[PDB]
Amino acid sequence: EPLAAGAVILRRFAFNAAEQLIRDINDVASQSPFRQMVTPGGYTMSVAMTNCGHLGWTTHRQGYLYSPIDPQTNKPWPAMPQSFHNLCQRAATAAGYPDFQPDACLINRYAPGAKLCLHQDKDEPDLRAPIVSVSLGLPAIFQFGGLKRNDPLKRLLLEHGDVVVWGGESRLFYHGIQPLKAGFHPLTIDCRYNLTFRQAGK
């Protein structure tokens, strides 16, 4: 049974690419460090984040924004690594979205206990493009729901190298991550990373 209309899980799709992806995460974060962003309402998110590509997702006093500039460094986000772009391209193609051209990659880091409450991806001006989401490291329980927050959730363990793609009918579905269980992974040691690719600009 497929994940949803327009949505697919490609299990271990990025397994072979994972070590390089992780090297590139570290490179990105060396320029735009992981930070736990503060919501408009004043709470510090449990997931630490950074971005690469032309646009990066950020919070600010007034809301959320995709910005060409990292508000912490006041410099552009690091360029999207070729490994990221290539893996995204292959995954998108395998998932039935051969024309996807991301201009934004949000990198999430989960420590034990870190979570991401249900939310929608809908801040992009062009909602025709899918989201490609790559899991690395420790396993996490991904919630994938529907258009409304109370729509029943599917709960999927996402393991190292799993890639999830949603778009078309499921593009705006709610999704989240349940508090990360402590554990060990040989590549990430004690955390989980996620890469979310988007087309956030024109």
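Numbering starts at 1 and runs along the sequence shown.
Set 7-15 against 181-189 and average the Cα temperature factors; 181-189 ends up higher. Per the PDB record, of the two stretches 59-67 and 137-145, 59-67 carries the greater mean B-factor over its C-alpha atoms. The entry assigns its greatest Cα B factor, within the set 96, 113, 76, 81, to 96. Sorting 129, 117, 105, 92 by the CA temperature factor given in the entry leaves 129 at the top. When the modelled residues of the chain are ordered by C-alpha B-factor, residue 151 sits in the highest third. For residue 162, the recorded CA B-factor ranks within the lowest third of the chain. Only modelled residues enter the ranking. For residue 170, the recorded CA B-factor ranks within the highest third of the chain. Only modelled residues enter the ranking.
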